[PDB]
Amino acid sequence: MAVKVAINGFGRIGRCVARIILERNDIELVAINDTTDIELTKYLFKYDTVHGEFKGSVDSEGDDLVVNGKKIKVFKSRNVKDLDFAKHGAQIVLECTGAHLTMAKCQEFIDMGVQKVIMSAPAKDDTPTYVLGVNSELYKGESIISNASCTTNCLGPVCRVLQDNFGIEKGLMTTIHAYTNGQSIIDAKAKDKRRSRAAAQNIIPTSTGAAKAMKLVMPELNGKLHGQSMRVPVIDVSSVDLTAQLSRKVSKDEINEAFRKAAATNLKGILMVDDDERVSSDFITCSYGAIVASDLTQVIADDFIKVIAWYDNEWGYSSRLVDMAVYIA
């Protein structure tokens, strides 16, 4: 039978995760929680500036969303103590609030009968971290895990291929990243100077720990990677720009062939290669965590390389969260 899941937090990730679950037979959505009334929940689920209109009926009956005739319980509580997800059948909670990123906070779900919690972001403690195609084979049945970040689910698969074929001595990453709800529409108070600046009218440097944290899913890369983000005025879709020194001389063609081989085998459904010279909008609603743009791969002086890989920072990660629920179930 299909694993039954609940989504805590009905934001960009939570709603993309719900749409993907509704497309599949191997997982079933039984409950959600946000701080939104049901009329706004329905409206944001039905209509999406980025991913288009949900095809199918989006109704309500009290505090049930009814999607293509199936009832989904809607809670509306900031407090984990009021969220009896397991009473509605939930085996796994997808933790999409950004607010509960320690095992201590997630333990309440397990206490209330949930079997597993998956954090939709890097843990703030030493919660075990798993990324499909990267270290998912090492999963030991832990109750609480992190699925890392959207960037990790792009950079991670790229590093898996480079490490396994050539070896990584060191590297630095820039993500050219879509703006997010963490940013300001106009110059206004936010958690730091640069995030306070108008997101759709600037290139905005922002931090990411995605690269240093690769040590969690690839311990061989401990101390060998750092990175940063440059937020640009697109609503969705981002790129990993990885510059690395490999352990031996390689060619562009060799690098791209290694990616196409992984795309057909160990990273099927996870990493693909673009040989059509697409641009960012072409990857809107793409389920792959990494799309290597083969023509952009560069090598200089034998061992010094650049790889550009696209990711739908919403849909790729959301697809991995759903894949990860099915896998650990």
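Quick note: we count residues from 1 along the sequence shown, nothing fancier.
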item: Greater mean Cα temperature factor according to the PDB record, 53-61 or 293-301; value: 53-61
item: Mean temperature factor over C-alpha atoms, higher-scoring stretch between 253-261 and 96-104; value: 96-104
item: From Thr35, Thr285, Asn266, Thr41, residue of greatest CA B-factor; value: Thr35
item: Maximum C-alpha temperature factor, selected from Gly209, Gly171, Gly167, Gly156; value: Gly209
item: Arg24, C-alpha B-factor rank within chain (lowest, middle or highest third); value: highest
item: Assigned third (lowest, middle, highest) for the C-alpha B factor of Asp236; value: lowest
item: Where the record places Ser77 (Cα B-factor, split into thirds across the chain); value: highest
item: Chain-relative CA temperature factor third for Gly89; value: highest
item: CA B-factor ranking of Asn135, expressed as a third of its chain; value: middle
